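Same chain, two versions here, written out as structure tokens and called structure 1 and structure 2.
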Structure 1
């Protein structure tokens, strides 16, 4: 039940280098920095429903079972299959060019992603507070 509830972005460390690495144009990075994503999580043990509230009523819902291959969807609508493991309370997914670790730390939702681009890699640390 640890991840349960509604969360709101308070900080995004590495935000601009991360966005720059993955092709986002600089003008929209500068506009995008003040956007604070709201996340709603229903966790029933190993069963998760992860909802992100993007601009313009663009609700992105991902459902998964921990340690079991699950159908997932990106912000752009790309469907893919993935496995979210839990390692000491930390949710984790790994691809050859992408990794994410999500945890509850100091009562906050902390999301750490790493991506490969042509320049090298970039790391984003997003921290959300409970609403």
Structure 2
């Protein structure tokens, strides 16, 4: 592992609305979820990750991947894909269908950056989560 291990909860969030609008999330869904604090559970055994996100209404999204190896994954919206996750300097990069995701532990916090690109330009969501099982 091991720095990612644990349960984390969103503490800070920037760019939520422009990012969700760019990747095509409906306006009312954006509005209803704007104050929700996403909890993330991670089990990291070396390159082997199990990454669980607890979305609203008991929507649990779990991705199991091995860094550097083709892995079956799913998007938040439920679309299945096969991907190869990379890591460089403690930062994971997951190349999702709709956006690039980079994730790292910085200053003891889980920092997750989603980068999307379209007509109006780039939109970036940065989520920072604190450990809630300490």
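Between two forms, the rigid core is the largest collection of C-alphas that superpose within 1.5 Å. Residue numbers count along the first chain shown, from 1.
Where among 94, 61, 85, 105 does the Cα move by 2 Å or more between structure 1 and structure 2 after the core is superposed?
That would be 94.
On a rigid core superposition, would residue 24 pass a 2 Å threshold for CA movement between structure 1 and structure 2?
It does, since the residue 24 C-alpha is displaced 2 Å or more between structure 1 and structure 2 after the core fit.
Fitting the two forms on their rigid core, what distance in Å separates the Cα positions of residue 123 between structure 1 and structure 2?
Once the two forms are fitted on their core, the shift reads 0.6 Å.
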